[PDB]
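Peer 1: Could you have a look at this structure, given as structure tokens, before my questions?
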Amino acid sequence: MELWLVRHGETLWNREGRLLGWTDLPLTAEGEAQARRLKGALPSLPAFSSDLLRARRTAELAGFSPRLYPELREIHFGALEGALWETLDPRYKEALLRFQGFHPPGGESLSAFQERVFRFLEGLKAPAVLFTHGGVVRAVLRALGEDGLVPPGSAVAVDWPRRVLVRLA
């Protein structure tokens with residue numbers, strides 16, 4: 001089934017290479033500009049969005065009226081929220097780059113995170129546009145034999161659960 005996965009527009013932390021999970025950062029002015037550029041470029045399918053501000057706002061500026069679901073949230077980084085990637089302990093840095101065996105203290109394990117993501121996709125009955133986060137898009141791409149840290153403000157279409165269709169940046 002055609003699913004479009006859209007990563008929220010830029011926030012400050014995205015520029016500054018900071019871990020951003022459940023911290024509810026707003027879009028920057030450029031992030032709003034990115035979201036507005038998506039309007040009309042994405043098919044007007046029914047929309048769903050993470051309930052975090054930057055996802056909700058991206059959906060709105062993109063011309064959608066999404067239903068909110070906490071299952072589309074980015075992974076919770078717990079004590080690592082806002083952690084500087086530069087000084088991130090090597091054990092976490094390695095786990096993230098590899099996207100496996102990662103469980104930030106006080107936050108969500110990669111396994112719990114991916115389970116809620118894939119189980120949300122399980123409930124979709126028709127093609128939809130999902131406003132969500134980089135970790136969610138990466139979980140899907142990796143399962144489909146590809147990878148990618150898609151930029152903020154961009155989207156990927158996939159034929160769940162079979163293959164990736166197109167990356168729109």
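Ligands are numbered from 1 in the order shown, residues from 1 within each chain, and chains are lettered A, B, ... in the order they appear in the structure tokens.
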Contacts of residue 152 in chain A at 12 Å or less, counting only C-alpha atoms, minus same-chain residues fewer than 6 places along, as a tab-separated table (two decimals) with C-alpha atoms, in the first residue's frame?

Peer 2:
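So part.tsv came out as:
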chain	number	residue	atom	x	y	z
A	5	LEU	CA	6.37	9.26	4.95
A	6	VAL	CA	7.11	12.95	5.51
A	7	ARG	CA	9.78	14.20	7.89
A	8	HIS	CA	8.92	17.38	9.76
A	9	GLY	CA	10.51	20.64	8.62
A	10	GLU	CA	13.72	21.95	10.18
A	11	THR	CA	14.01	22.85	13.86
A	12	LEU	CA	16.90	24.46	15.57
A	13	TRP	CA	18.25	21.20	16.98
A	14	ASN	CA	18.23	19.66	13.47
A	15	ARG	CA	20.72	22.31	12.39
A	27	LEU	CA	9.85	24.68	13.35
A	28	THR	CA	12.33	27.40	12.46
A	30	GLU	CA	13.10	27.82	7.17
A	31	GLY	CA	11.37	24.75	8.55
A	32	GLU	CA	8.02	26.43	7.91
A	33	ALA	CA	9.20	27.35	4.40
A	34	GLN	CA	10.09	23.71	3.76
A	35	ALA	CA	6.65	22.60	4.98
A	38	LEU	CA	5.30	20.45	0.28
A	54	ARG	CA	6.96	20.08	14.50
A	55	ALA	CA	5.10	17.24	12.79
A	58	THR	CA	4.46	20.61	8.97
A	131	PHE	CA	3.71	13.30	8.98
A	132	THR	CA	6.39	11.90	11.24
A	133	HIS	CA	10.11	11.79	12.04
A	134	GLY	CA	13.53	10.71	10.75
A	135	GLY	CA	13.74	7.64	13.01
A	137	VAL	CA	11.34	6.89	8.13
A	168	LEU	CA	11.02	13.36	-2.89
A	169	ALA	CA	13.55	15.94	-1.70

Peer 1: In chain A, what's strand (DSSP E or B) per DSSP? Answer as a PyMOL selection string?

Peer 2: chain A and resi 2-7+11+18+27+47-49+67-68+84+128-132+155-159+163-168

Peer 1: Give me the residues within 12 Å of residue 72 in chain A as a PDB file with N, CA, C and O atoms, in the first residue's frame, counting only C-alpha atoms and dropping any in the same chain fewer than 3 places off.

Peer 2:
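The new file result-v3.pdb reads:
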ATOM      1  N   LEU A   5       5.784   8.937   3.658  1.00  0.00           N
ATOM      2  CA  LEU A   5       6.373   9.262   4.951  1.00  0.00           C
ATOM      3  C   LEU A   5       7.050  10.619   4.813  1.00  0.00           C
ATOM      4  O   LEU A   5       7.995  10.770   4.043  1.00  0.00           O
ATOM      5  N   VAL A   6       6.561  11.604   5.558  1.00  0.00           N
ATOM      6  CA  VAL A   6       7.107  12.952   5.507  1.00  0.00           C
ATOM      7  C   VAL A   6       7.797  13.327   6.820  1.00  0.00           C
ATOM      8  O   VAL A   6       7.236  13.231   7.904  1.00  0.00           O
ATOM      9  N   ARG A   7       9.077  13.721   6.704  1.00  0.00           N
ATOM     10  CA  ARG A   7       9.776  14.199   7.887  1.00  0.00           C
ATOM     11  C   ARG A   7       9.489  15.681   8.133  1.00  0.00           C
ATOM     12  O   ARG A   7       9.445  16.499   7.224  1.00  0.00           O
ATOM     13  N   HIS A   8       9.243  16.006   9.414  1.00  0.00           N
ATOM     14  CA  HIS A   8       8.922  17.385   9.759  1.00  0.00           C
ATOM     15  C   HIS A   8       9.994  18.357   9.258  1.00  0.00           C
ATOM     16  O   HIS A   8      11.139  18.003   9.011  1.00  0.00           O
ATOM     17  N   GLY A  21      13.892  14.069  20.152  1.00  0.00           N
ATOM     18  CA  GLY A  21      12.897  13.008  20.260  1.00  0.00           C
ATOM     19  C   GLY A  21      11.539  13.555  20.692  1.00  0.00           C
ATOM     20  O   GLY A  21      10.742  14.024  19.888  1.00  0.00           O
ATOM     21  N   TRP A  22      11.276  13.451  22.003  1.00  0.00           N
ATOM     22  CA  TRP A  22       9.991  13.902  22.520  1.00  0.00           C
ATOM     23  C   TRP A  22      10.020  15.366  22.968  1.00  0.00           C
ATOM     24  O   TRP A  22       9.014  15.942  23.359  1.00  0.00           O
ATOM     25  N   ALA A  47      -4.560  12.035   5.828  1.00  0.00           N
ATOM     26  CA  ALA A  47      -3.320  12.247   6.559  1.00  0.00           C
ATOM     27  C   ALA A  47      -3.355  11.910   8.037  1.00  0.00           C
ATOM     28  O   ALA A  47      -4.384  12.036   8.702  1.00  0.00           O
ATOM     29  N   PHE A  48      -2.196  11.493   8.533  1.00  0.00           N
ATOM     30  CA  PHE A  48      -1.999  11.136   9.929  1.00  0.00           C
ATOM     31  C   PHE A  48      -0.716  11.831  10.347  1.00  0.00           C
ATOM     32  O   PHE A  48       0.184  12.030   9.532  1.00  0.00           O
ATOM     33  N   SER A  49      -0.627  12.203  11.615  1.00  0.00           N
ATOM     34  CA  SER A  49       0.563  12.885  12.081  1.00  0.00           C
ATOM     35  C   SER A  49       0.912  12.579  13.524  1.00  0.00           C
ATOM     36  O   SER A  49       0.045  12.278  14.343  1.00  0.00           O
ATOM     37  N   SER A  50       2.204  12.642  13.814  1.00  0.00           N
ATOM     38  CA  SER A  50       2.699  12.461  15.167  1.00  0.00           C
ATOM     39  C   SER A  50       2.104  13.676  15.880  1.00  0.00           C
ATOM     40  O   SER A  50       1.804  14.682  15.229  1.00  0.00           O
ATOM     41  N   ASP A  51       1.914  13.601  17.193  1.00  0.00           N
ATOM     42  CA  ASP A  51       1.270  14.725  17.861  1.00  0.00           C
ATOM     43  C   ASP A  51       2.285  15.767  18.354  1.00  0.00           C
ATOM     44  O   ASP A  51       1.944  16.756  18.992  1.00  0.00           O
ATOM     45  N   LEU A  52       3.572  15.495  18.076  1.00  0.00           N
ATOM     46  CA  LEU A  52       4.585  16.506  18.346  1.00  0.00           C
ATOM     47  C   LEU A  52       4.464  17.734  17.446  1.00  0.00           C
ATOM     48  O   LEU A  52       4.124  17.652  16.273  1.00  0.00           O
ATOM     49  N   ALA A  55       5.785  18.060  13.785  1.00  0.00           N
ATOM     50  CA  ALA A  55       5.103  17.242  12.790  1.00  0.00           C
ATOM     51  C   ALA A  55       3.736  17.831  12.433  1.00  0.00           C
ATOM     52  O   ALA A  55       3.385  17.990  11.271  1.00  0.00           O
ATOM     53  N   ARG A  56       2.972  18.172  13.469  1.00  0.00           N
ATOM     54  CA  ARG A  56       1.650  18.781  13.299  1.00  0.00           C
ATOM     55  C   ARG A  56       1.713  20.038  12.441  1.00  0.00           C
ATOM     56  O   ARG A  56       0.911  20.223  11.521  1.00  0.00           O
ATOM     57  N   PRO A  66      -4.495  16.343   9.522  1.00  0.00           N
ATOM     58  CA  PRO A  66      -4.185  14.984   9.911  1.00  0.00           C
ATOM     59  C   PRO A  66      -4.862  14.587  11.224  1.00  0.00           C
ATOM     60  O   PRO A  66      -5.195  15.406  12.071  1.00  0.00           O
ATOM     61  N   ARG A  67      -5.106  13.269  11.340  1.00  0.00           N
ATOM     62  CA  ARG A  67      -5.467  12.714  12.637  1.00  0.00           C
ATOM     63  C   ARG A  67      -4.199  12.454  13.455  1.00  0.00           C
ATOM     64  O   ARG A  67      -3.182  11.997  12.951  1.00  0.00           O
ATOM     65  N   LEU A  68      -4.262  12.801  14.752  1.00  0.00           N
ATOM     66  CA  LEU A  68      -3.052  12.702  15.568  1.00  0.00           C
ATOM     67  C   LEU A  68      -2.901  11.331  16.241  1.00  0.00           C
ATOM     68  O   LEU A  68      -3.830  10.774  16.813  1.00  0.00           O
ATOM     69  N   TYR A  69      -1.677  10.772  16.119  1.00  0.00           N
ATOM     70  CA  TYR A  69      -1.390   9.485  16.747  1.00  0.00           C
ATOM     71  C   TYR A  69       0.008   9.468  17.378  1.00  0.00           C
ATOM     72  O   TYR A  69       1.012   9.745  16.733  1.00  0.00           O
ATOM     73  N   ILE A  75      11.566   8.489  18.231  1.00  0.00           N
ATOM     74  CA  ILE A  75      11.950   7.741  19.421  1.00  0.00           C
ATOM     75  C   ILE A  75      12.197   8.682  20.605  1.00  0.00           C
ATOM     76  O   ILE A  75      12.646   9.810  20.451  1.00  0.00           O
ATOM     77  N   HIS A  76      11.871   8.236  21.813  1.00  0.00           N
ATOM     78  CA  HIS A  76      12.095   9.051  23.007  1.00  0.00           C
ATOM     79  C   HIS A  76      13.552   8.853  23.434  1.00  0.00           C
ATOM     80  O   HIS A  76      13.969   7.731  23.712  1.00  0.00           O
ATOM     81  N   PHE A 113      10.442   1.085  20.050  1.00  0.00           N
ATOM     82  CA  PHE A 113      10.152   2.134  19.083  1.00  0.00           C
ATOM     83  C   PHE A 113       9.705   1.542  17.746  1.00  0.00           C
ATOM     84  O   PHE A 113       8.655   1.902  17.211  1.00  0.00           O
ATOM     85  N   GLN A 114      10.496   0.620  17.212  1.00  0.00           N
ATOM     86  CA  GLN A 114      10.150   0.034  15.928  1.00  0.00           C
ATOM     87  C   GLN A 114       8.889  -0.809  15.990  1.00  0.00           C
ATOM     88  O   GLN A 114       8.177  -0.920  14.994  1.00  0.00           O
ATOM     89  N   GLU A 115       8.595  -1.392  17.151  1.00  0.00           N
ATOM     90  CA  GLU A 115       7.384  -2.197  17.264  1.00  0.00           C
ATOM     91  C   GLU A 115       6.149  -1.312  17.159  1.00  0.00           C
ATOM     92  O   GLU A 115       5.197  -1.664  16.470  1.00  0.00           O
ATOM     93  N   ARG A 116       6.154  -0.160  17.830  1.00  0.00           N
ATOM     94  CA  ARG A 116       4.990   0.711  17.753  1.00  0.00           C
ATOM     95  C   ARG A 116       4.843   1.322  16.365  1.00  0.00           C
ATOM     96  O   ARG A 116       3.723   1.549  15.907  1.00  0.00           O
ATOM     97  N   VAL A 117       5.963   1.565  15.687  1.00  0.00           N
ATOM     98  CA  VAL A 117       5.921   2.120  14.334  1.00  0.00           C
ATOM     99  C   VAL A 117       5.312   1.114  13.359  1.00  0.00           C
ATOM    100  O   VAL A 117       4.371   1.436  12.632  1.00  0.00           O
ATOM    101  N   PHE A 118       5.836  -0.106  13.343  1.00  0.00           N
ATOM    102  CA  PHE A 118       5.340  -1.091  12.386  1.00  0.00           C
ATOM    103  C   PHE A 118       3.904  -1.529  12.702  1.00  0.00           C
ATOM    104  O   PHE A 118       3.129  -1.899  11.828  1.00  0.00           O
ATOM    105  N   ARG A 119       3.565  -1.512  14.011  1.00  0.00           N
ATOM    106  CA  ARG A 119       2.208  -1.903  14.385  1.00  0.00           C
ATOM    107  C   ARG A 119       1.181  -0.820  14.031  1.00  0.00           C
ATOM    108  O   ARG A 119      -0.010  -1.075  13.904  1.00  0.00           O
ATOM    109  N   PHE A 120       1.673   0.427  13.913  1.00  0.00           N
ATOM    110  CA  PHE A 120       0.793   1.495  13.450  1.00  0.00           C
ATOM    111  C   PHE A 120       0.518   1.356  11.956  1.00  0.00           C
ATOM    112  O   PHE A 120      -0.599   1.525  11.487  1.00  0.00           O
ATOM    113  N   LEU A 121       1.602   1.041  11.214  1.00  0.00           N
ATOM    114  CA  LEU A 121       1.444   0.804   9.785  1.00  0.00           C
ATOM    115  C   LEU A 121       0.471  -0.347   9.534  1.00  0.00           C
ATOM    116  O   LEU A 121      -0.274  -0.362   8.562  1.00  0.00           O
ATOM    117  N   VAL A 129      -0.847   9.737   3.869  1.00  0.00           N
ATOM    118  CA  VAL A 129       0.349  10.556   4.016  1.00  0.00           C
ATOM    119  C   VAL A 129       0.584  10.633   5.519  1.00  0.00           C
ATOM    120  O   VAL A 129      -0.312  11.020   6.278  1.00  0.00           O
ATOM    121  N   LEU A 130       1.790  10.262   5.942  1.00  0.00           N
ATOM    122  CA  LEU A 130       2.146  10.258   7.360  1.00  0.00           C
ATOM    123  C   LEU A 130       3.181  11.333   7.689  1.00  0.00           C
ATOM    124  O   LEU A 130       4.309  11.308   7.226  1.00  0.00           O
ATOM    125  N   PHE A 131       2.755  12.311   8.508  1.00  0.00           N
ATOM    126  CA  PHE A 131       3.706  13.304   8.983  1.00  0.00           C
ATOM    127  C   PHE A 131       4.393  12.833  10.264  1.00  0.00           C
ATOM    128  O   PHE A 131       3.795  12.710  11.323  1.00  0.00           O
ATOM    129  N   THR A 132       5.698  12.535  10.132  1.00  0.00           N
ATOM    130  CA  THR A 132       6.392  11.901  11.242  1.00  0.00           C
ATOM    131  C   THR A 132       7.859  12.335  11.332  1.00  0.00           C
ATOM    132  O   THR A 132       8.209  13.485  11.084  1.00  0.00           O
ATOM    133  N   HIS A 133       8.736  11.390  11.736  1.00  0.00           N
ATOM    134  CA  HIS A 133      10.112  11.787  12.040  1.00  0.00           C
ATOM    135  C   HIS A 133      11.165  10.911  11.351  1.00  0.00           C
ATOM    136  O   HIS A 133      10.884   9.873  10.772  1.00  0.00           O
ATOM    137  N   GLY A 134      12.427  11.391  11.421  1.00  0.00           N
ATOM    138  CA  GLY A 134      13.532  10.706  10.746  1.00  0.00           C
ATOM    139  C   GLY A 134      13.698   9.260  11.206  1.00  0.00           C
ATOM    140  O   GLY A 134      13.951   8.349  10.426  1.00  0.00           O
ATOM    141  N   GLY A 135      13.577   9.000  12.507  1.00  0.00           N
ATOM    142  CA  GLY A 135      13.739   7.644  13.008  1.00  0.00           C
ATOM    143  C   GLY A 135      12.673   6.700  12.485  1.00  0.00           C
ATOM    144  O   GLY A 135      12.919   5.513  12.267  1.00  0.00           O
ATOM    145  N   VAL A 136      11.475   7.231  12.281  1.00  0.00           N
ATOM    146  CA  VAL A 136      10.366   6.436  11.772  1.00  0.00           C
ATOM    147  C   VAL A 136      10.624   6.107  10.303  1.00  0.00           C
ATOM    148  O   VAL A 136      10.462   4.964   9.871  1.00  0.00           O
ATOM    149  N   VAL A 137      11.038   7.111   9.537  1.00  0.00           N
ATOM    150  CA  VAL A 137      11.343   6.895   8.131  1.00  0.00           C
ATOM    151  C   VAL A 137      12.510   5.920   7.991  1.00  0.00           C
ATOM    152  O   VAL A 137      12.496   5.054   7.116  1.00  0.00           O
ATOM    153  N   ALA A 139      13.415   3.514  10.084  1.00  0.00           N
ATOM    154  CA  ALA A 139      12.994   2.167  10.450  1.00  0.00           C
ATOM    155  C   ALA A 139      12.363   1.491   9.239  1.00  0.00           C
ATOM    156  O   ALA A 139      12.638   0.326   8.949  1.00  0.00           O
TER     157      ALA A 139
END

Peer 1: Do you have the CA of residue 41 in chain A-CA of residue 62 in chain A distance handy?

Peer 2: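 That distance, rounded to one decimal, is 8.7 Å.
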
Peer 1: Leaving out range 89-94 of chain A and any residue of its chain fewer than 5 positions from it, which residues lie within 10 Å of it when counting only C-alpha atoms, given as an MDAnalysis selection string?

Peer 2: chainID A and resid 80 83:84 99:104

Peer 1: Any chance you could list, as an MDAnalysis selection string, the residues in chain A that come up helix (DSSP H, G or I) when DSSP is run on the backbone?

Peer 2: chainID A and resid 12:15 29:37 53:61 70:72 78:80 90:98 110:122 134:143

Peer 1: Point out the residue among A:77, A:85, A:64, A:4 with the least atom-to-atom distance to residue 154 in chain A, counting only C-alpha atoms.

Peer 2: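 Ranked by minimum distance to residue 154 in chain A, first place goes to A:4.
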
Peer 1: Pick out the closest residue to residue 37 in chain A from this set: A:96, A:65, A:155, A:140. Count only C-alpha atoms.

Peer 2: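 The shortest atom-to-atom distance to residue 37 in chain A comes from A:155.
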
Peer 1: Could you check which of A:165, A:153, A:122, A:78 is closest to residue 59 in chain A, using only C-alpha atoms?

Peer 2: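 Selected residue with least distance to residue 59 in chain A: A:153.
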
Peer 1: Quote the spacing between CA of residue 86 in chain A and CA of residue 16 in chain A in Å to one decimal place.

Peer 2: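 So the answer is 10.2 Å.
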
Peer 1: Which residue out of A:45, A:112, A:20, A:158 has the minimum interatomic distance to residue 142 in chain A when only C-alpha atoms are used?

Peer 2: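 Nearest to residue 142 in chain A: A:158.
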
Peer 1: What is the CA of residue 110 in chain A-CA of residue 95 in chain A distance in Å, reported with one decimal?

Peer 2: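 CA of residue 95 in chain A lies at a distance of 9.4 Å from CA of residue 110 in chain A.
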